[PDB]
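Take a look at this single chain in structure tokens; it is the form deposited in one PDB entry.
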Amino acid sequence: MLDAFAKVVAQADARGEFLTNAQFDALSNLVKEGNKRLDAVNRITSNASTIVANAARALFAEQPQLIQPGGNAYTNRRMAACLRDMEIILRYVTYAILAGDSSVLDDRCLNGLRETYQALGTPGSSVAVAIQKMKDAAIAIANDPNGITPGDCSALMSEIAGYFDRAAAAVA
């Protein structure tokens, strides 16, 4: 898996090149923005249980067919597996946020996932909905101005939103 830094190194090696001044500058900014990234990861992770459970509750309220008998989210085993998947996705998204690159998410989580849901009969569009709910919650929690040194984290929130959208795209 790669991280924002290894990503750049990997591109450079493919060309056989040393880093340019421009690339050092970019990467120095990444390091300068690091504290914000650690806060985001901390905050989302610190609230992982509520993010998931509130997103699940909201999903089943909007799509009660999922929990009606004969559904996919019906029975405790299927419910458990569903909640689990939401936990798993949130988990890999947080990895991605730490790394500043999606390769861990893509690789270890997202690839083959559509085909997997298609084989099981799990509606991907519903999973995407759950992901979007977690996204809105994760971002509100991560970007909450209370209890933290004020500054602008907007760029990072957009990046974060990007990982969530990416995950939702992968299944929808």
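When you see a residue number, it is the position in the sequence shown, counting from 1. What we label the rigid core is the largest C-alpha set whose atoms superpose within 1.5 Å from one form to the other.
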{"item": "Residue range whose averaged C-alpha B-factor is higher in the record, 105 to 113 or 42 to 50", "value": "105 to 113"}
{"item": "CA B-factor ranking of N143, expressed as a third of its chain", "value": "middle"}
{"item": "For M157, the third of its chain into which the C-alpha B factor falls", "value": "highest"}
{"item": "Within-chain third of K36 by Cα B-factor, per the entry", "value": "lowest"}
{"item": "Third of the chain's Cα B-factor distribution that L2 belongs to, per the entry", "value": "lowest"}
{"item": "CA B-factor ranking of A22, expressed as a third of its chain", "value": "highest"}
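Missing here is the form deposited in another entry; even so, the following discussion is about that form.
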{"query": "Rigid core fit then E17 CA moved by 2 Å or more between the shown form and the other one", "finding": "yes"}
